[PDB]
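Below you'll find the structure, written out as structure tokens, and then a few comments.
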Number of protein chains: 2
Amino acid sequence: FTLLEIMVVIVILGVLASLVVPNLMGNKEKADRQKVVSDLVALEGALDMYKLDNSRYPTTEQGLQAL
Amino acid sequence: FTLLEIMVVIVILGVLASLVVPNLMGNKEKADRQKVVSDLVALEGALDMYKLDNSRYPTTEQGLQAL
């Protein structure tokens, strides 16, 4: 109640917490790439639409907000 | 009252105190390990959270107090 209730658990605690290694850190950073690479085709491909109707692309100061 | 009240008890005293051996000393030292091992996953796992929002970990002088 004081020893068995504790000492047995102290082991179970560390035995549990020791061999529980879920994963790494930084996988999201790899995801940031495709998130931007996905934009690349989506950006140029979307701009091409505007390059069709107005037959041209927006100006720098005009920015992508024109899209 | 003087002998039976005493001599019988002197035996009962030693007979009792002799065969009453509860436990060891130092079990707490073993507990100190899991207490720190429990922190290990809890430390890195907690730091990983900060490694997510700010996308990185705190500096040495910044210490864990940043967490």
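Ligands are numbered from 1 in the order shown, residues from 1 within each chain, and chains are lettered A, B, ... in the order they appear in the structure tokens.
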Any chance you could tabulate, as a Markdown table, the residues of chain B at most 10 Å from chain A with each one's nearest atom pair and distance in Å to one decimal, using only C-alpha atoms, in chain and rising number order?
| residue | atom | partner | partner_atom | distance |
| --- | --- | --- | --- | --- |
| B:23 | CA | A:3 | CA | 9.7 |
| B:27 | CA | A:7 | CA | 7.9 |
| B:28 | CA | A:7 | CA | 8.7 |
| B:30 | CA | A:10 | CA | 8.7 |
| B:31 | CA | A:10 | CA | 6.3 |
| B:32 | CA | A:10 | CA | 9.3 |
| B:33 | CA | A:14 | CA | 8.1 |
| B:34 | CA | A:14 | CA | 4.8 |
| B:35 | CA | A:14 | CA | 7.8 |
| B:36 | CA | A:14 | CA | 9.0 |
| B:37 | CA | A:14 | CA | 6.4 |
| B:38 | CA | A:17 | CA | 6.1 |
| B:39 | CA | A:17 | CA | 9.2 |
| B:40 | CA | A:18 | CA | 8.6 |
| B:41 | CA | A:17 | CA | 7.0 |
| B:42 | CA | A:17 | CA | 8.9 |
| B:44 | CA | A:25 | CA | 10.0 |
| B:45 | CA | A:25 | CA | 9.5 |
| B:47 | CA | A:25 | CA | 9.9 |
| B:48 | CA | A:25 | CA | 6.5 |
| B:49 | CA | A:25 | CA | 9.1 |
| B:51 | CA | A:25 | CA | 7.5 |
| B:52 | CA | A:25 | CA | 8.0 |
| B:55 | CA | A:26 | CA | 8.1 |
| B:56 | CA | A:26 | CA | 9.0 |
Hey, can you spit out that residue selection with C-alpha atoms as a PDB file, in the first residue's frame?
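As written to disk, result.pdb reads:
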ATOM      1  CA  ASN B  23      12.539  -3.640   5.055  1.00  0.00           C
ATOM      2  CA  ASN B  27      14.723   1.889  -2.348  1.00  0.00           C
ATOM      3  CA  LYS B  28      14.111   5.607  -2.796  1.00  0.00           C
ATOM      4  CA  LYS B  30      16.113   3.514  -7.244  1.00  0.00           C
ATOM      5  CA  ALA B  31      13.045   5.716  -7.504  1.00  0.00           C
ATOM      6  CA  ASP B  32      15.184   8.738  -8.243  1.00  0.00           C
ATOM      7  CA  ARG B  33      16.057   7.170 -11.575  1.00  0.00           C
ATOM      8  CA  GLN B  34      12.555   6.764 -13.003  1.00  0.00           C
ATOM      9  CA  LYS B  35      11.747  10.179 -11.606  1.00  0.00           C
ATOM     10  CA  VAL B  36      14.439  11.551 -13.891  1.00  0.00           C
ATOM     11  CA  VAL B  37      13.818   9.048 -16.664  1.00  0.00           C
ATOM     12  CA  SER B  38      10.198  10.158 -16.589  1.00  0.00           C
ATOM     13  CA  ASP B  39      11.426  13.666 -17.171  1.00  0.00           C
ATOM     14  CA  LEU B  40      13.516  12.622 -20.197  1.00  0.00           C
ATOM     15  CA  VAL B  41      10.586  11.855 -22.455  1.00  0.00           C
ATOM     16  CA  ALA B  42       8.633  14.609 -20.757  1.00  0.00           C
ATOM     17  CA  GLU B  44      12.167  16.284 -25.015  1.00  0.00           C
ATOM     18  CA  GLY B  45       8.519  15.683 -25.749  1.00  0.00           C
ATOM     19  CA  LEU B  47      10.481  20.769 -26.042  1.00  0.00           C
ATOM     20  CA  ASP B  48       9.224  19.313 -29.305  1.00  0.00           C
ATOM     21  CA  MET B  49       6.066  21.334 -28.840  1.00  0.00           C
ATOM     22  CA  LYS B  51      10.113  23.123 -31.657  1.00  0.00           C
ATOM     23  CA  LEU B  52       6.788  23.131 -33.531  1.00  0.00           C
ATOM     24  CA  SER B  55       9.960  25.798 -35.357  1.00  0.00           C
ATOM     25  CA  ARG B  56      12.996  25.508 -33.070  1.00  0.00           C
TER      26      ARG B  56
END
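Put simply, atom CA of residue B:61 is 16.7 Å away from atom CA of residue B:43.
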Which of chain B end up as helix (DSSP H, G or I) when DSSP is run on this backbone - answer as an MDAnalysis selection string? chainID B and resid 4:18 27:53 64:66
